[PDB]
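K.L.:
Mind looking over this structure? Questions follow.
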Amino acid sequence: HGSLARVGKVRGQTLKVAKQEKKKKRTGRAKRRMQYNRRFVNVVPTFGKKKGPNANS
Amino acid sequence: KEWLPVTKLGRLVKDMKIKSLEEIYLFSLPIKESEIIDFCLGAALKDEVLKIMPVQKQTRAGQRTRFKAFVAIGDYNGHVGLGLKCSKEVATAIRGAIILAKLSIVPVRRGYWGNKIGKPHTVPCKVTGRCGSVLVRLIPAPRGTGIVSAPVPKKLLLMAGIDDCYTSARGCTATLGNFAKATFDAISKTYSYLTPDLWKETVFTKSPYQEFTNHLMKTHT
Amino acid sequence: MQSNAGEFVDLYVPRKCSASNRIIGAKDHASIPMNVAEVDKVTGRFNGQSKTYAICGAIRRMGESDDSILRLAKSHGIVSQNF
Amino acid sequence: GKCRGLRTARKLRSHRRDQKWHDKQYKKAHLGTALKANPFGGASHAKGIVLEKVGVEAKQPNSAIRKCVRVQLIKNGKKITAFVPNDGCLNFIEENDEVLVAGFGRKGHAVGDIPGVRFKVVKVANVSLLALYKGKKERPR
Amino acid sequence: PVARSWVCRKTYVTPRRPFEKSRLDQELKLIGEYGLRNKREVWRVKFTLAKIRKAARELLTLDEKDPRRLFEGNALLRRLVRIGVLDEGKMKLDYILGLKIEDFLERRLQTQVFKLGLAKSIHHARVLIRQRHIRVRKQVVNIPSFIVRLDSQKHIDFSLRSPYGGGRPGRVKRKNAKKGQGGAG
RNA sequence: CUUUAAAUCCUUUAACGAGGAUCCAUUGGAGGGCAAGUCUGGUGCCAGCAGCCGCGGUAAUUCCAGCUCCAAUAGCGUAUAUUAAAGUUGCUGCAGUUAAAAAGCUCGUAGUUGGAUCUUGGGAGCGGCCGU
């Protein structure tokens with residue numbers, strides 16, 4: 001099934017959610033400072049396995 | 001919690017009468033108690049699970065999946081082990097491969113590239129090791145070179161306390177068991193290489209089974 | 001195994017087979033340091049001092065371990081030169 | 001090597017020279033057959049005119065209909081199935097439109113599902129197919 | 001046939017494995033610790049070291065009392081002593097091999113402005129240099145990468161034409177003074 | 001002002017010139033290889049993704065989107081020639097019982113490679129039997 005008539009079926013019918021208005025992200029060394037301050041100087045060793053940066057359930 | 005030694009050598013180790021595993025490795029004594037290495041190098045021993053590998057045997061009804069765990073162990077100052085344990089669950093495989101690695105730890109002789117000043121930093125001579133097809137060659141390098149290597153032997157050589165080394169693997173290195181064993185066979189053979197440093201004719205010191213032969217008769221059955 | 005200063009730097013000096021002069025690895029579990037008892041030549045009794053011969057696994061499985069100890073004892077004055 | 005003679009330099013060299021034609025990558029790049037046969041004529045890209053839009057059946061296990069385009073080139077006049085890459089981008093292509101076609105990735109070899117399709121579509125009527133897809137540029141009409 | 005140069009080299013090398021966790025770990029440590037802006041900044045200090053190191057190893061293949069090795073050696077050592085990376089006790093060229101990337105970031109003028117206590121943080125220090133506040137012997141250095149020499153270290157201070165030194169008060173203070181006078185009358 | 005043939009750009013410098021400092025950083029990805037979500041909505045072998053293995057058949061960590069995260073960063077993706085990786089052209093340095101591979105066998109001219117053997121013991125000095 002699905003000859004040339006079904007082109008852009010899913011991209012066509014996706015429920016177009018508007019992109020959220022966001023506070024602008026720092027760049028250059030400021031981003032890279034923020035990154036260093038997140039990775040090292042904050043965290044302490046936790047019991048069990050270490051989780052990822054984007055770890056959600 | 002309280003360790004109870006069953007072998008002869010383990011009983012000497014516990015009673016502080018053989019006082020460093022340098023003395024065990026002088027007489028090529030098979031270590032079979034796990035807590036001998038936990039006693040001597042206990043604080044300087046770190047564990048990294050190289051690979052969890054599911055293996056299967058085809059049965060009447062489906063597959064019997066067991067998990068093969070490769071654990072590289074060693075203090076970042078003289079010693080490495082390499083333990084392989086296959087089990088039905090992953091936690092048993094890891095723990096068993098930690099024990100088998102500890103049992104299997106060997107001392108690495110490390111030498112100098114050219115100038116012989118300070119502490120030793122590299123492999124003392126070109127030493128090949130292998131199992132399967134995987135041939136690994138470890139080569140002395142100058143100070144600050146790092147371990148120029150694939151990420152597996154790089155992980156064992158770091159654990160061996162070798163700062164600087166050139167490698168050169170051959171054959172199917174993608175099979176990790178062979179590659180990890182081959183690079184462990186390569187650093188095994190450092191104190192099995194007869195350099196001119198080791199020509200001074202041997203002074204045979206007394207065995208720990210002779211030095212404390214009168215102690216072992218009473219201390220246990 | 002000196003550095004430039006002179007410090008003995010390697011962590012143990014491995015034994016070396018008395019027959020072949022080949023060093024004995026930390027896990028050559030077929031090695032054998034055999035102690036041969038000495039004799040007060042007038043009495044024929046154990047003194048307390050003894051000769052120590054090491055052999056690597058390789059020679060033992062080669063089957064040459066007895067003839068090596070035979071030469072080492074003959075080369076120590078234990079076995080008769082006649083033999 | 002096998003002849004380790006001190007005066008074996010023409011035997012060692014002429015042997016390598018002869019055996020180097022059994023290397024597939026070498027023979028391809030050092031004969032005129034692979035280049036004279038190449039539709040692009042040894043170019044990175046090429047512009048051609050869209051003549052029909054084709055629905056190519058995916059090789060198998062994964063069974064979808066890949067919306068390619070049959071393209072007649074300008075330089076040679078040779079005919080090419082060029083894959084229209086992104087989702088629902090066959091709507092951006094009409095008949096008799098100049099398309100910049102590129103290779104697919106594997107240097108004159110079919111890539112994944114699509115059988116006998118070696119090329120993809122980059123630009124349509126001097127407008128990039130990404131800009132149309134994202135909607136940063138509109139089609140010139 | 002134009003009267004131009006064309007001579008140019010790269011100052012960095014991108015690493016072979018792009019996503020080594022242990023490399024991304026250690027390089028971001030170096031960036032955050034010495035307040036750099038990108039991985040190219042670590043990679044170029046690494047490449048300056050590797051050049052020095054390659055030169056040093058090339059000299060160690062040559063025999064002692066080789067006039068090339070003595071001249072070139074003493075020059076490479078004197079160059080490292082000047083920039084304050086190698087000590088005058090350690091000017092034998094087998095100590096260049098025992099030398100790390102951190103020792104060159106220590107001589108970075110951003111990190112010296114921090115460690116000489118005329119900046120609050122490593123990130124403040126870059127702002128000061130990049131906003132042409134500091135001078136090195138009555139010469140305003142705008143650029144934080146300035147490898148400070150051992151000769152030229154104690155002469156680092158604020159520019160005479162900067163309000164943190166004896167300078168004209170800046171744009172914000174002068175507007176806030178005009179606001180304070182505008183409000184009153 | 002300086003620059004310059006005359007200018008421009010930089011440099012120098014008055015005066016202006018920053019709070020969501022809207023003076024708003026992108027380009028590719030987030031199954032593994034390969035750093036980074038088994039998050040929600042839509043689709044349901046369709047649309048599509050996918051260099052490779054593969055993801056899609058109504059719980060999609062792989063599609064199309066929202067959020068978030070990762071990488072490099074004023075740059076980043078793609079196509080193609082090419083180098084390393086390739087000890088997958090092998091002089092260093094590969095292979096040829098069974099994976100691709102030793103001529104059916106022998107002779108044979110170029111080619112290539114070729115056994116051992118023909119100067120040794122001293123005379124002289126310095127440094128602490130040895131070394132120049």
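Chains: A, B, ... in order of the structure tokens. Residues: from 1 per chain. Ligands: from 1, in order shown.
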Check every residue of chain B for an atom within 9 Å of chain C, counting only C-alpha atoms, and provide those that qualify as a PyMOL selection string.
P.N.:
chain B and resi 22-30+78+104+106-112+115-120+188-194+197-199+201-207
K.L.:
Within 12 Å of residue 152 in chain B, counting only C-alpha atoms (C1' of nucleotides), which residues qualify if same-chain residues fewer than 5 places away don't, as a list in words?
P.N.:
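Surrounding residues, per the criterion: residues 48, 49, 50, 51, 70, 71, 72, 82, 136, 147, 157, 158, 159, 167, 169, 173, 174, 175, 176, 177, 178, 179, 180, 181, 182, 183 and 184 of chain B.
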K.L.:
Since we have the selection now, will you write its residues out, keeping N, CA, C and O atoms, as an mmCIF file, in the first residue's frame?
P.N.:
data_model
loop_
_atom_site.group_PDB
_atom_site.id
_atom_site.type_symbol
_atom_site.label_atom_id
_atom_site.label_comp_id
_atom_site.auth_asym_id
_atom_site.auth_seq_id
_atom_site.Cartn_x
_atom_site.Cartn_y
_atom_site.Cartn_z
ATOM 1 N N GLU B 48 36.831 -2.278 36.856
ATOM 2 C CA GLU B 48 36.075 -1.775 35.674
ATOM 3 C C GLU B 48 35.611 -2.967 34.832
ATOM 4 O O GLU B 48 36.475 -3.671 34.284
ATOM 5 N N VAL B 49 34.293 -3.160 34.738
ATOM 6 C CA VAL B 49 33.644 -4.211 33.902
ATOM 7 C C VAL B 49 33.872 -3.842 32.432
ATOM 8 O O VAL B 49 33.205 -2.909 31.947
ATOM 9 N N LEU B 50 34.786 -4.545 31.758
ATOM 10 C CA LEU B 50 35.164 -4.291 30.343
ATOM 11 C C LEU B 50 33.961 -4.547 29.429
ATOM 12 O O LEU B 50 33.768 -3.757 28.488
ATOM 13 N N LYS B 51 33.207 -5.621 29.681
ATOM 14 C CA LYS B 51 32.103 -6.088 28.799
ATOM 15 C C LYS B 51 31.211 -7.086 29.540
ATOM 16 O O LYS B 51 31.759 -7.981 30.209
ATOM 17 N N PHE B 70 33.738 -9.809 31.629
ATOM 18 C CA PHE B 70 35.193 -9.507 31.677
ATOM 19 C C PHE B 70 35.412 -8.343 32.635
ATOM 20 O O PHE B 70 34.870 -7.254 32.370
ATOM 21 N N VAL B 71 36.160 -8.577 33.712
ATOM 22 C CA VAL B 71 36.544 -7.526 34.693
ATOM 23 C C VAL B 71 38.062 -7.376 34.649
ATOM 24 O O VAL B 71 38.757 -8.381 34.851
ATOM 25 N N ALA B 72 38.533 -6.162 34.366
ATOM 26 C CA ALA B 72 39.943 -5.743 34.528
ATOM 27 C C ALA B 72 40.078 -5.076 35.898
ATOM 28 O O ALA B 72 39.300 -4.142 36.183
ATOM 29 N N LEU B 82 42.819 -9.870 35.318
ATOM 30 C CA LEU B 82 41.828 -10.001 34.223
ATOM 31 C C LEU B 82 41.029 -11.280 34.482
ATOM 32 O O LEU B 82 41.593 -12.378 34.298
ATOM 33 N N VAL B 136 48.856 -8.915 20.315
ATOM 34 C CA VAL B 136 49.099 -7.545 20.856
ATOM 35 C C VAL B 136 50.594 -7.401 21.144
ATOM 36 O O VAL B 136 51.172 -8.339 21.723
ATOM 37 N N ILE B 147 49.276 6.277 26.866
ATOM 38 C CA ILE B 147 49.094 4.909 26.292
ATOM 39 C C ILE B 147 48.419 5.021 24.918
ATOM 40 O O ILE B 147 47.174 5.022 24.864
ATOM 41 N N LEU B 157 46.357 -1.128 30.709
ATOM 42 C CA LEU B 157 47.697 -0.499 30.857
ATOM 43 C C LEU B 157 47.613 0.691 31.826
ATOM 44 O O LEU B 157 48.542 0.828 32.642
ATOM 45 N N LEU B 158 46.535 1.475 31.768
ATOM 46 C CA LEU B 158 46.279 2.490 32.824
ATOM 47 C C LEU B 158 46.290 1.787 34.185
ATOM 48 O O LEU B 158 46.980 2.271 35.104
ATOM 49 N N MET B 159 45.553 0.679 34.283
ATOM 50 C CA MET B 159 45.399 -0.106 35.542
ATOM 51 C C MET B 159 46.721 -0.765 35.951
ATOM 52 O O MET B 159 46.845 -1.114 37.132
ATOM 53 N N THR B 167 51.248 0.592 21.375
ATOM 54 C CA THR B 167 50.634 -0.733 21.094
ATOM 55 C C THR B 167 50.657 -0.993 19.584
ATOM 56 O O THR B 167 51.068 -0.090 18.826
ATOM 57 N N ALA B 169 48.047 -3.982 17.829
ATOM 58 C CA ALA B 169 47.202 -5.197 17.789
ATOM 59 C C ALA B 169 47.144 -5.752 16.355
ATOM 60 O O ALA B 169 47.501 -5.029 15.404
ATOM 61 N N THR B 173 40.383 -8.168 16.823
ATOM 62 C CA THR B 173 40.434 -7.451 18.127
ATOM 63 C C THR B 173 39.014 -7.108 18.596
ATOM 64 O O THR B 173 38.847 -6.854 19.804
ATOM 65 N N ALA B 174 38.045 -7.086 17.674
ATOM 66 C CA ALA B 174 36.603 -6.869 17.942
ATOM 67 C C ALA B 174 36.095 -7.872 18.985
ATOM 68 O O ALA B 174 35.213 -7.479 19.774
ATOM 69 N N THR B 175 36.621 -9.103 18.994
ATOM 70 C CA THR B 175 36.360 -10.110 20.061
ATOM 71 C C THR B 175 37.167 -9.718 21.299
ATOM 72 O O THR B 175 38.391 -9.934 21.297
ATOM 73 N N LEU B 176 36.483 -9.175 22.311
ATOM 74 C CA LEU B 176 37.092 -8.409 23.431
ATOM 75 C C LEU B 176 37.836 -9.351 24.375
ATOM 76 O O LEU B 176 38.918 -8.969 24.845
ATOM 77 N N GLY B 177 37.237 -10.506 24.675
ATOM 78 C CA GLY B 177 37.839 -11.551 25.521
ATOM 79 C C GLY B 177 39.261 -11.840 25.084
ATOM 80 O O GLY B 177 40.165 -11.755 25.932
ATOM 81 N N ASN B 178 39.447 -12.110 23.791
ATOM 82 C CA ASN B 178 40.771 -12.413 23.194
ATOM 83 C C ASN B 178 41.683 -11.189 23.322
ATOM 84 O O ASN B 178 42.848 -11.378 23.698
ATOM 85 N N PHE B 179 41.168 -9.991 23.041
ATOM 86 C CA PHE B 179 41.945 -8.721 22.985
ATOM 87 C C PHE B 179 42.417 -8.325 24.391
ATOM 88 O O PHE B 179 43.589 -7.932 24.543
ATOM 89 N N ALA B 180 41.525 -8.425 25.378
ATOM 90 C CA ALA B 180 41.785 -8.139 26.807
ATOM 91 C C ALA B 180 42.749 -9.180 27.384
ATOM 92 O O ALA B 180 43.595 -8.794 28.211
ATOM 93 N N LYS B 181 42.592 -10.451 26.991
ATOM 94 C CA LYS B 181 43.474 -11.576 27.413
ATOM 95 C C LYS B 181 44.858 -11.411 26.777
ATOM 96 O O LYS B 181 45.853 -11.651 27.482
ATOM 97 N N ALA B 182 44.910 -11.035 25.497
ATOM 98 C CA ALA B 182 46.153 -10.882 24.702
ATOM 99 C C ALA B 182 47.011 -9.755 25.283
ATOM 100 O O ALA B 182 48.235 -9.948 25.383
ATOM 101 N N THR B 183 46.397 -8.618 25.622
ATOM 102 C CA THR B 183 47.100 -7.445 26.212
ATOM 103 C C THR B 183 47.478 -7.749 27.667
ATOM 104 O O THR B 183 48.433 -7.125 28.148
ATOM 105 N N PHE B 184 46.760 -8.653 28.335
ATOM 106 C CA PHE B 184 47.070 -9.120 29.711
ATOM 107 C C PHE B 184 48.206 -10.144 29.676
ATOM 108 O O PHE B 184 48.992 -10.186 30.637
#
K.L.:
Using only C-alpha atoms (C1' of nucleotides), find the residues of chain E whose closest atom to chain F is at most 8 Å away, then write them as an MDAnalysis selection string.
P.N.:
chainID E and resid 19:21 38
K.L.:
Can those selected residues be exported to a file as a PDB file, in the first residue's frame so that it contains N, CA and C atoms?
P.N.:
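Writing done, so here's out22.pdb:
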ATOM      1  N   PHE E  19      34.237  11.380  20.438  1.00  0.00           N
ATOM      2  CA  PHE E  19      33.303  11.176  21.578  1.00  0.00           C
ATOM      3  C   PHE E  19      33.896  10.214  22.618  1.00  0.00           C
ATOM      4  N   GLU E  20      35.198  10.333  22.908  1.00  0.00           N
ATOM      5  CA  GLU E  20      35.843   9.679  24.080  1.00  0.00           C
ATOM      6  C   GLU E  20      35.345  10.377  25.347  1.00  0.00           C
ATOM      7  N   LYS E  21      34.651   9.657  26.231  1.00  0.00           N
ATOM      8  CA  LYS E  21      34.075  10.226  27.480  1.00  0.00           C
ATOM      9  C   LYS E  21      35.205  10.787  28.353  1.00  0.00           C
ATOM     10  N   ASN E  38      36.525  27.395  24.202  1.00  0.00           N
ATOM     11  CA  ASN E  38      36.231  26.273  23.268  1.00  0.00           C
ATOM     12  C   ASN E  38      37.332  25.215  23.336  1.00  0.00           C
TER      13      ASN E  38
END
K.L.:
Can you list, as a VMD selection string, all residues belonging to chain E that DSSP tags as strand (DSSP E)?
P.N.:
chain E and resid 134 to 136 156 to 158
K.L.:
Compile the contact shell of residue 157 in chain E as an mmCIF file with N, CA, C and O atoms, in the first residue's frame: residues with an atom at most 9 Å away, counting only C-alpha atoms (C1' of nucleotides), same-chain residues fewer than 6 positions apart removed.
P.N.:
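What ended up in result.cif:
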data_model
loop_
_atom_site.group_PDB
_atom_site.id
_atom_site.type_symbol
_atom_site.label_atom_id
_atom_site.label_comp_id
_atom_site.auth_asym_id
_atom_site.auth_seq_id
_atom_site.Cartn_x
_atom_site.Cartn_y
_atom_site.Cartn_z
ATOM 1 N N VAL E 113 46.696 37.148 35.441
ATOM 2 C CA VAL E 113 45.868 38.287 35.949
ATOM 3 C C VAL E 113 45.019 37.804 37.136
ATOM 4 O O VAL E 113 44.845 38.595 38.085
ATOM 5 N N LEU E 116 47.659 36.826 40.169
ATOM 6 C CA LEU E 116 48.352 38.045 40.692
ATOM 7 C C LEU E 116 47.367 38.928 41.474
ATOM 8 O O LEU E 116 47.812 39.955 42.023
ATOM 9 N N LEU E 118 44.681 40.844 40.743
ATOM 10 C CA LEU E 118 44.068 42.080 40.175
ATOM 11 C C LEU E 118 42.826 41.716 39.342
ATOM 12 O O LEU E 118 42.307 42.608 38.640
ATOM 13 N N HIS E 133 41.683 46.583 29.789
ATOM 14 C CA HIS E 133 41.927 47.185 31.126
ATOM 15 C C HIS E 133 43.400 47.051 31.513
ATOM 16 O O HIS E 133 43.915 48.007 32.115
ATOM 17 N N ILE E 134 44.032 45.907 31.230
ATOM 18 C CA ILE E 134 45.390 45.573 31.758
ATOM 19 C C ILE E 134 46.465 46.022 30.760
ATOM 20 O O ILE E 134 46.144 46.177 29.561
ATOM 21 N N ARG E 135 47.692 46.218 31.258
ATOM 22 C CA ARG E 135 48.905 46.551 30.461
ATOM 23 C C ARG E 135 50.065 45.650 30.903
ATOM 24 O O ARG E 135 50.023 45.144 32.044
ATOM 25 N N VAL E 136 51.054 45.468 30.022
ATOM 26 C CA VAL E 136 52.340 44.757 30.299
ATOM 27 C C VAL E 136 53.492 45.658 29.829
ATOM 28 O O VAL E 136 53.861 45.571 28.642
ATOM 29 N N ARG E 137 54.012 46.501 30.732
ATOM 30 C CA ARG E 137 55.078 47.514 30.487
ATOM 31 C C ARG E 137 54.545 48.615 29.556
ATOM 32 O O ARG E 137 55.117 48.805 28.458
ATOM 33 N N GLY E 165 42.468 51.446 37.171
ATOM 34 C CA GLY E 165 43.688 52.225 37.464
ATOM 35 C C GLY E 165 43.355 53.695 37.670
ATOM 36 O O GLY E 165 42.193 53.992 38.018
#
K.L.:
So that I can see what lies close to range 122-125 of chain D, please list as a ChimeraX atom specification the residues with an atom at most 9 Å from it, counting only C-alpha atoms (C1' of nucleotides) and leaving out residues fewer than 5 positions away in the same chain.
P.N.:
/D:45,47,84-85,92-93,97-102,130,139-140 /F:78
K.L.:
Would you give me, as a ChimeraX atom specification, the residues of chain A that come within 12 Å of chain E, using only C-alpha atoms?
P.N.:
/A:26-41
K.L.:
Please produce an output containing C-alpha atoms for each residue in the selection, written as a PDB file, in the first residue's frame.
P.N.:
ATOM      1  CA  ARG A  26      24.387  31.806  26.911  1.00  0.00           C
ATOM      2  CA  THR A  27      27.110  31.032  24.267  1.00  0.00           C
ATOM      3  CA  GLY A  28      30.950  31.026  23.938  1.00  0.00           C
ATOM      4  CA  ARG A  29      32.713  30.455  27.326  1.00  0.00           C
ATOM      5  CA  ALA A  30      29.564  31.374  29.389  1.00  0.00           C
ATOM      6  CA  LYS A  31      27.760  28.165  28.177  1.00  0.00           C
ATOM      7  CA  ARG A  32      31.054  26.226  28.741  1.00  0.00           C
ATOM      8  CA  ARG A  33      31.469  27.735  32.283  1.00  0.00           C
ATOM      9  CA  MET A  34      27.789  26.857  33.115  1.00  0.00           C
ATOM     10  CA  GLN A  35      28.553  23.325  31.719  1.00  0.00           C
ATOM     11  CA  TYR A  36      31.735  22.887  33.911  1.00  0.00           C
ATOM     12  CA  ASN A  37      29.808  24.181  37.003  1.00  0.00           C
ATOM     13  CA  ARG A  38      27.048  21.539  36.291  1.00  0.00           C
ATOM     14  CA  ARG A  39      29.380  18.507  35.642  1.00  0.00           C
ATOM     15  CA  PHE A  40      32.050  18.783  38.425  1.00  0.00           C
ATOM     16  CA  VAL A  41      31.809  21.462  41.181  1.00  0.00           C
TER      17      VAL A  41
END
K.L.:
Could you find all residues in chain C that DSSP calls alpha helix (DSSP H) from the backbone, and write them as a list in words?
P.N.:
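For chain C, the alpha helix (DSSP H) set is residues 57, 58, 59, 60, 61, 62, 65, 66, 67, 68, 69, 70, 71, 72, 73 and 74 of chain C.
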K.L.:
Determine, counting only C-alpha atoms (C1' of nucleotides), which protein, DNA and RNA residues have an atom within 8 Å of an atom of residue 43 in chain E; residues of the same chain fewer than 2 positions away are not included. Present the result as number ranges by chain.
P.N.:
E: 12-14, 39-41, 45-47
K.L.:
Please produce an output containing C-alpha atoms for each residue in the selection, written as a CSV table (one decimal), in the first residue's frame.
P.N.:
chain,number,residue,atom,x,y,z
E,12,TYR,CA,45.4,23.0,16.5
E,13,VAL,CA,44.7,19.3,15.6
E,14,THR,CA,41.1,17.9,16.1
E,39,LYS,CA,38.0,22.9,22.8
E,40,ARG,CA,40.2,24.5,20.0
E,41,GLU,CA,41.8,26.6,22.8
E,45,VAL,CA,48.1,24.4,23.7
E,46,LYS,CA,48.2,20.6,23.2
E,47,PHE,CA,49.7,21.1,19.6
K.L.:
Could you list, as a VMD selection string, every residue within 12 Å of residue 1 in chain A, counting only C-alpha atoms (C1' of nucleotides) and ignoring same-chain residues fewer than 2 positions away?
P.N.:
(chain A and resid 3 to 6) or (chain D and resid 55 57 to 58 63 to 66) or (chain F and resid 45 to 47)
K.L.:
Hey, can you spit out that residue selection with N, CA and C atoms (P, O5', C5', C4', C3', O3' and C1' of nucleotides) as a PDB file, in the first residue's frame?
P.N.:
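Wrote again-v8.pdb, looks like this:
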ATOM      1  N   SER A   3       1.070   4.346  -2.670  1.00  0.00           N
ATOM      2  CA  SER A   3       1.703   4.865  -3.915  1.00  0.00           C
ATOM      3  C   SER A   3       1.954   6.376  -3.757  1.00  0.00           C
ATOM      4  N   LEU A   4       2.096   7.125  -4.859  1.00  0.00           N
ATOM      5  CA  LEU A   4       2.603   8.530  -4.854  1.00  0.00           C
ATOM      6  C   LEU A   4       1.573   9.515  -4.277  1.00  0.00           C
ATOM      7  N   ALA A   5       0.331   9.089  -4.019  1.00  0.00           N
ATOM      8  CA  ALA A   5      -0.775   9.963  -3.558  1.00  0.00           C
ATOM      9  C   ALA A   5      -0.671  10.260  -2.052  1.00  0.00           C
ATOM     10  N   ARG A   6       0.091   9.465  -1.288  1.00  0.00           N
ATOM     11  CA  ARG A   6       0.181   9.554   0.197  1.00  0.00           C
ATOM     12  C   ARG A   6       1.390  10.392   0.641  1.00  0.00           C
TER      13      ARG A   6
ATOM     14  N   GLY D  55       7.588   5.739  -7.766  1.00  0.00           N
ATOM     15  CA  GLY D  55       7.444   5.106  -6.443  1.00  0.00           C
ATOM     16  C   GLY D  55       8.176   3.779  -6.414  1.00  0.00           C
ATOM     17  N   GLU D  57       9.628   0.462  -4.677  1.00  0.00           N
ATOM     18  CA  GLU D  57       9.354  -0.478  -3.556  1.00  0.00           C
ATOM     19  C   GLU D  57      10.655  -0.702  -2.780  1.00  0.00           C
ATOM     20  N   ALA D  58      10.633  -0.507  -1.455  1.00  0.00           N
ATOM     21  CA  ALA D  58      11.768  -0.770  -0.535  1.00  0.00           C
ATOM     22  C   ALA D  58      12.174  -2.243  -0.653  1.00  0.00           C
ATOM     23  N   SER D  63       8.929  -2.548   4.356  1.00  0.00           N
ATOM     24  CA  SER D  63       8.132  -2.409   3.108  1.00  0.00           C
ATOM     25  C   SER D  63       7.385  -1.068   3.092  1.00  0.00           C
ATOM     26  N   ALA D  64       8.036  -0.023   2.574  1.00  0.00           N
ATOM     27  CA  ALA D  64       7.433   1.283   2.208  1.00  0.00           C
ATOM     28  C   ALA D  64       7.771   1.607   0.751  1.00  0.00           C
ATOM     29  N   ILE D  65       7.070   2.586   0.173  1.00  0.00           N
ATOM     30  CA  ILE D  65       7.250   3.030  -1.240  1.00  0.00           C
ATOM     31  C   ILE D  65       8.012   4.361  -1.229  1.00  0.00           C
ATOM     32  N   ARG D  66       9.293   4.303  -1.611  1.00  0.00           N
ATOM     33  CA  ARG D  66      10.273   5.421  -1.566  1.00  0.00           C
ATOM     34  C   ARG D  66      10.058   6.309  -2.792  1.00  0.00           C
TER      35      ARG D  66
ATOM     36  P     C F  45      -0.005  -0.053   8.777  1.00  0.00           P
ATOM     37  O5'   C F  45       1.248   0.216   7.835  1.00  0.00           O
ATOM     38  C5'   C F  45       2.576  -0.090   8.277  1.00  0.00           C
ATOM     39  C4'   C F  45       3.473  -0.325   7.092  1.00  0.00           C
ATOM     40  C3'   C F  45       3.190  -1.585   6.291  1.00  0.00           C
ATOM     41  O3'   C F  45       3.668  -1.464   4.955  1.00  0.00           O
ATOM     42  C1'   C F  45       5.260  -1.813   7.398  1.00  0.00           C
ATOM     43  P     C F  46       2.697  -1.004   3.764  1.00  0.00           P
ATOM     44  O5'   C F  46       2.255   0.462   4.205  1.00  0.00           O
ATOM     45  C5'   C F  46       3.037   1.627   3.867  1.00  0.00           C
ATOM     46  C4'   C F  46       2.243   2.881   4.147  1.00  0.00           C
ATOM     47  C3'   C F  46       2.987   4.196   3.982  1.00  0.00           C
ATOM     48  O3'   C F  46       2.993   4.614   2.620  1.00  0.00           O
ATOM     49  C1'   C F  46       1.665   4.226   5.965  1.00  0.00           C
ATOM     50  P     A F  47       4.280   5.335   1.999  1.00  0.00           P
ATOM     51  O5'   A F  47       4.476   6.602   2.940  1.00  0.00           O
ATOM     52  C5'   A F  47       3.778   7.821   2.661  1.00  0.00           C
ATOM     53  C4'   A F  47       3.898   8.777   3.820  1.00  0.00           C
ATOM     54  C3'   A F  47       5.291   9.323   4.107  1.00  0.00           C
ATOM     55  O3'   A F  47       5.619  10.400   3.240  1.00  0.00           O
ATOM     56  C1'   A F  47       4.284   8.635   6.120  1.00  0.00           C
TER      57        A F  47
END
K.L.:
For chain F against chain B, which residues fall within 12 Å using only C-alpha atoms (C1' of nucleotides), given as an NGL selection string?
P.N.:
:F and (33 or 87-88 or 93-94)
K.L.:
Output as a ChimeraX atom specification the set of chain B residues within 12 Å of chain E, with distances taken over only C-alpha atoms.
P.N.:
/B:112-119,121,141-146,148-151,154-155,163-164
K.L.:
Just the number, please: distance in Å from CA of residue 91 in chain E to CA of residue 124 in chain B, one decimal.
P.N.:
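Going from CA of residue 91 in chain E over to CA of residue 124 in chain B, I get 25.9 Å.
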